[PDB]
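Residue strings, one per chain:
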Amino acid sequence: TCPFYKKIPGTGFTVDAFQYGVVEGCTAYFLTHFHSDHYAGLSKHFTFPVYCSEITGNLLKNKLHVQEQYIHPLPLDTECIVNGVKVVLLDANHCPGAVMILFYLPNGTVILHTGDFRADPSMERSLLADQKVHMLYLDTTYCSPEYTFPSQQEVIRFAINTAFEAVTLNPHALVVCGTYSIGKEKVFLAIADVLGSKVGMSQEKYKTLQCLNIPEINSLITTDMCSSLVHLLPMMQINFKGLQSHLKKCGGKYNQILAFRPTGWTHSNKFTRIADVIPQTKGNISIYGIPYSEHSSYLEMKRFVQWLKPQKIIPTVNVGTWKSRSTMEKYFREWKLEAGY
Ligand code: NI
């Protein structure tokens, strides 16, 4: 059955709760973003109202084949009414179309659900600053002080300079970027833009990108692999064997590969700065691991919560074991004692 952390008190709303069949009482199902864990259980067979951003609606329609009658897209940064209750969707700074939702309850309680998010100080001057928030449903993916990472912009700058140098040294090198879902598009779009190229990709991936409301998209991406010097492949193919295999497929049009694996955190964040990063190399193929995160670091999460000063926190990630919950509650109390709320 649907856990309490996916229910919004004193409404018939749920959030990211599609895997439990019909939820008793639920009149509106919200979807924060188009990642399989969150949408799990949604298909062309679903027949209840789904509320979401315009981008998330495009994906539901075109990728999952959810029937149009059941998709209720809402604009961002706009007060809307859903089944008699005031809501606002805000940018989550996660993947394309990902939202946080602000719910103004009839009794006067205010609840923020972050979805998945990468906390940023620009969120301190949104509609959130206008009133007190009593309860916070929080993306606790990286809620532990070891989880540090560079800014998105540091990582992109590094990727850009690396790619530009390699292709100027060898104009027959191919650049490859690994991917498994939506998110982290700036990695491959920034590399292509410094090389004067479109990004080549499969038909399924191109169809996905065509849903994302990216300006001038037709000028940036193609299904003609031949004509492009940046290619997208599934993350699972980003290894020496998969990359040599792909190089054979391209018809001797390239004689070297440089590949990027955008990952979350891995243990080497605790010493290395982005400027120290060096690739793994076997022959004419080099692979760079780059920590491009679309989740809050510990410090980013802490700052946001200490600003917001919620009366209660409800974790939405790593809640499956008592040890994790206990650990997280300890950090929430520290933050509250330091900041005086
Ligand atoms: Ni996500």
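What counts, and where the lines are drawn
Residues numbered from 1 in each chain as written, not as in the entry; some residues may be left out. Heavy atoms only, no water. Residues with missing side-chain atoms left out of burial classes, pairs and counts. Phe/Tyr/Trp six-rings, centres within 6.5 Å; stacked < 30°, edge-to-face > 60°. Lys NZ or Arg CZ within 6 Å of the ring centre and 35° of its normal. Donors = N, O, S within 2.8 Å, 3.2 Å for Na, K, Ca; no water. Tetrahedral: all angles 85-135°; square planar, octahedral: opposite > 155°, others 65-115°. Buried < 20%, exposed > 50% of the residue type's maximum accessible area, 1.4 Å probe, protein only. Domains from an automatic or database assignment. Contact = heavy atoms within 4.5 Å. Helix = DSSP H or I, 4+ residues; strand = E, 2+ residues; numbered from the N terminus. Nonpolar A, V, L, I, M, F, W, Y, C, P; charged D, E, K, R; others polar.

Visitor: When you look at the packing of aromatic side chains in this model, what are you seeing that I'm missing?
Guide: Remark: the centre distance and the inter-plane angle together describe each pair of aromatic rings, the angle taken between the planes. By the definition in use, this model includes 21 aromatic pairs. One residue, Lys86, lies across the ring of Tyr104, its end atom 4.1 Å from the ring centre. The aromatic ring of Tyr331 is capped on one face by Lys330, whose charged end is 5.3 Å from the ring centroid.

Visitor: Help me out: how do you make sense of the coordination of the nickel ion in this one?
Guide: Distances from the nickel ion to its protein donors, namely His33 (NE2), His35 (ND1), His94 (NE2) and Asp116 (OD), fall within the range 2.2 to 2.4 Å. Here the nickel ion binds four donor atoms, and the angle range of 89 to 169° at the metal identifies the geometry as irregular. Spacing between the donor residues of the nickel ion along the chain follows H-x1-H-x58-H-x21-D. Look at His35 and you get buried, because its relative accessible area is 15%.

Visitor: What is the right way to look at the domain arrangement of the protein chain in this model?
Guide: Accessible area lost upon the coming together of the parts serves often as the stated size of an interface. As far as domains go, the protein chain holds domain 1 (1–147 + 296–341) and domain 2 (148–295). The centre of domain 1, based on its C-alpha atoms, is set 30 Å off from the matching centre of domain 2. Counting residues at the interface gives 25 residues for domain 1, matched by 20 residues for domain 2. Top contributing element to the side of domain 1 that touches domain 2 by residue count: helix 2 (residues 54–64), with six residues. Residues of the side of domain 1 that touches domain 2, tallied by class, amount to nine nonpolar, nine polar and seven charged.

Visitor: When you look at the side chain of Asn269 in this model, what are you seeing that I'm missing?
Guide: Its place among the elements puts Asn269 in the loop between strand 15 (256–263) and strand 16 (280–282). On the basis of relative accessibility, which here comes to 13%, the residue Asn269 falls in the buried class. Setting aside its immediate chain neighbours within four residues, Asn269 contacts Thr148, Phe149, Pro150 and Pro291.

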